[PDB]
Structures are given as C-alpha cells and as structure tokens.
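What follows is a single chain, given as structure tokens, in the form solved without the named molecule.
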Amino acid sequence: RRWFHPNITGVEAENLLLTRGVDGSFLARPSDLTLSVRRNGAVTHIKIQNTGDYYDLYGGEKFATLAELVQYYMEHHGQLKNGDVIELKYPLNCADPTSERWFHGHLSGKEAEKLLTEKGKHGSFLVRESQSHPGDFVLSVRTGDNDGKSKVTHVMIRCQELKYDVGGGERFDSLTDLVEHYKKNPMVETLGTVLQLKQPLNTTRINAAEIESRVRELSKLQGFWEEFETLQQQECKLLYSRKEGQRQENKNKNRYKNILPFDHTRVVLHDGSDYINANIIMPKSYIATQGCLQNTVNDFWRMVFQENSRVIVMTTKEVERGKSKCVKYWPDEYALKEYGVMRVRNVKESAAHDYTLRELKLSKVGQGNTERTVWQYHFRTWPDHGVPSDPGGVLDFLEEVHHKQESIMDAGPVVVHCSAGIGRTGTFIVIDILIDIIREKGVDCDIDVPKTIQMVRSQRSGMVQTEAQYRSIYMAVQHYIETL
C-alpha cells in the first residue's frame, strides 16, 4: 500500500505526479482523504469522505477499505469520473517510512537496546535515526534462543544522495526497499550469525493497568494518528475473496454493493438462499453485519435462529440524516409477526435514555419447542457523525449486553449491526473483546489495541473505520479501568 503518502499536500502531490509520474499515475493522501490521479498531463483530485460508516468517493461507490477501493477501480476500469473516464494504472509509491511498524525514528541507541531486551524475541528489529552522524539510520535486530544465548546487533544504514545502503551491495531509494530486501535476503555475519528480520518490535502492547500513561503519551504531538495510520497500511494484507457477495443473485441482498463479507468467515445459511452480508467474529463470539434491507429481514432472522443468538446489538436509528440505515426487523411492543418460516413476538420494551431493550421471542412456524428469547439492545444516541464524547454510556451499554449474554446457557454469537456493519459495529465488538480480557485476567493483562483490530479486520472488511473510533477504543479501556 505504498500509493498512500501520509504527510503530503495537494501541491507536493501534483509535483510528484507531474515530475515522477505518467498518465494513469495516482496516489491517495490525507486532506476525509484525496485520490490524486494524472490524466492528459494534468492532475484530478477525487474527494473521499469517511465520517465512520464507510469511504464515500465523490462520483463513485462506497468501500470498506482504501486498498479495496484502489483494487476495485484498477480491475473495474471505466467506473471513475465531469464523469470523464479516469484511469488508476500506475501507483506512485511513497518512500516516507513514518507509517512502518519497525520505524521508531527518534529512538536512542540505548533506549532501543532496552526495548529489544525487555520486549524482543529472535528476529525483533526496528529502524531509528542515526545517534551521532545525522540523516543516516540504524537497523537494530535481536538474535538468539542473562545466559548470553541472545544478542542485539546494530547495522549502520547510510543515506547517500537519497539512497540507502548497509555499507555495501545494492542502493535502495527508500528504507522500506532496504528492509524488504534484507527480510527476504538476510545479512549473514562473520562466524555465521544470520541477522534475520522476522517481526518488527512490538511497542503497541501495554499492560492494562498503564492505559492512562499510554493514552497520555499518544495524546502528545498526535501518536494516535501515527499508530492508526500504521494500522491502515496493513489493510493490504487483508484483500481476501468476497466472491459469494458479488454473485448475481446476491447483489440485491447487499445494502452497499461493494461492502461484502469475506467468503472464509461469512454466515452460510442452511435449510433454505445461503447468503447474508454477515461475518463470524472470533477473538464470546460475534456476528458483524449490515442493517437489514426489506428483502433481507427473513434471512436476518434465519441467521439468528441458526446461530442460536439470544442477543442483538443495534447501534443505529432506522434513519439517520434523512437516509435509511436499517429496516424495522422487529414487531411493535406486544405484537406478533411472521418473517418467512420465522415467528417473532415482541414481549416487552424497556426504555433507558441511551438505548431500548426489546424482549423478543423467536421460533420456526409449526415447531413450538424451537422458541428462545432474543434480547435486542438498540443504542439510539450514537451521534450522526463521529463518536460519542463520553464513553460511560457505551460501556454501560456493553456491561448490560455482556451480563445478559453471560446469563443465558449455550448462547450463540452476539449479533452486532449498524448500517454497513464495519465502523460502529467494529468499534463496539473491539471495545467488547478488550474489556472482556480485563474482566477474565484482571488489570494485570497484556492488551494491544491494533493487534485486536487487525485480527477482527481479517474476519470482516474495514472493521474500525476512523481515527476518532480508534481513539474512542483507547478512551473506553481507560474509562473502564478508572471505574474499577
């Protein structure tokens, strides 16, 4: 995902495309985002907006991932705009290493040695700005098995006329190019030692007790944006197939036709006809899904029945800012409705300020002893744009949802849906997965927010949409620990 330039201006981008690009050259940049594309020797800037539900390209489609957006237009050519045909042919790759997992720029040689000694294993590496001779770089790698059976090796990286070397051999136009080369082609030391670059040093994992210290570090000039963008740059390792969602008979069952479930995690419906825009999320498991369509309500209840789910988390109104986000899939209080072969009674509604609880009874028509209570938790106060200012309401919601699920024996996945089921839905699941660790393992536990997002983003596409949501996950964990 080199075509993303994290710290570029429109002028720098035109320059880049005009001097180092050709027609069909393109990159993406933070402005909401901008897609910059060279055409007829001039640059078009296509606007992309994400306020927490999806990436909306002006004059184009809605996407779960910036990578999946580029993938779509590079293969599905002619769909990009005066509506004029704009071609993404040639990515212009970024050489700025700020969004790399192994680039701790301003790290001291001593501090980097301690980190690699306390947190590192065999193959933990990092690149830092040169201690004594500035403009140059140091690759520090840990190798081994106070036994002295392990060691931290330093490797000077020279920057000579905007190219990078380890004192010999090839000269790379970026540190990434050098790292990627010496990953596949490891340096072998005198007396045999192979300086293997296995995994970047983990600096994102903290002990839950020290959340307040980390959130304070990430708030300084911010790290929250720096950490998040390092996470966005790995979304390119999660371009898994979504074939079943693109099939003819299934386009009508997607609310956003390009926000599609991964084939390898999707809820397959049996006894029907097997498709729903829904994915199983396994760290208590979850089904992450989109708000119902008119034509998908019957299939939605088939899923809840099949999966033996007794709890539904809805974090959207039916309508937001004049747009439909989810159909009413539940009866009125005290009423009884049939959704295909599925029968749902609405036993009782209990209103709080932030949410409504609906006690629904679900069953198959013709089969009385198939009946189960399915508790629906409809969060009604989530702001139309962005994230709630105070996390207390969302965590109070989570605590009540967790205690209901825990109370039912042989409960299935907690079904979680918003509009497209990736922004708010992914935010809530991820907060719930993290708070759940601190519940089972106490404040003395290892939490690693981006590890958890990447694991959930490999199960459904774009599972945490915004930096605001990303930050809101930290504030949720901070708040939960504070109130303990």
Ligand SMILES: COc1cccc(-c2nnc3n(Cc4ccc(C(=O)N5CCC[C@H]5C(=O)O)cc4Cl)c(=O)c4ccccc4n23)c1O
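From 1 onward, residues are counted along the sequence shown.
Another form, the form deposited with the named molecule bound, is not on view; read the next lines as being about it.
Using a 4.5 angstroms threshold between heavy atoms, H402 stays clear of the named molecule in the deposited bound form.
In the deposited bound form, at least one heavy atom of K243 sits within 4.5 Å of a heavy atom of the named molecule. At a distance threshold of 4.5 angstroms between non-hydrogen atoms, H76 is in contact with the named molecule in the deposited bound form. Although the partner is absent from this view, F172 stays clear of the named molecule in the deposited bound form, with no non-hydrogen atom inside 4.5 angstroms.
Contact annotation: the named molecule lies within 4.5 Å of heavy atoms from the stretch 243 to 251 in the deposited bound form, the single such stretch among 154 to 162, 298 to 306, 364 to 372, 243 to 251.
Think of it this way: in the deposited bound form, the named molecule has a heavy atom of just one of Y90, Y182, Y275, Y72 within 4.5 Å, and the residue is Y72. The single contact residue among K114, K257, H385, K81, judged by any heavy atom lying within 4.5 Å of the named molecule in the deposited bound form, is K257.
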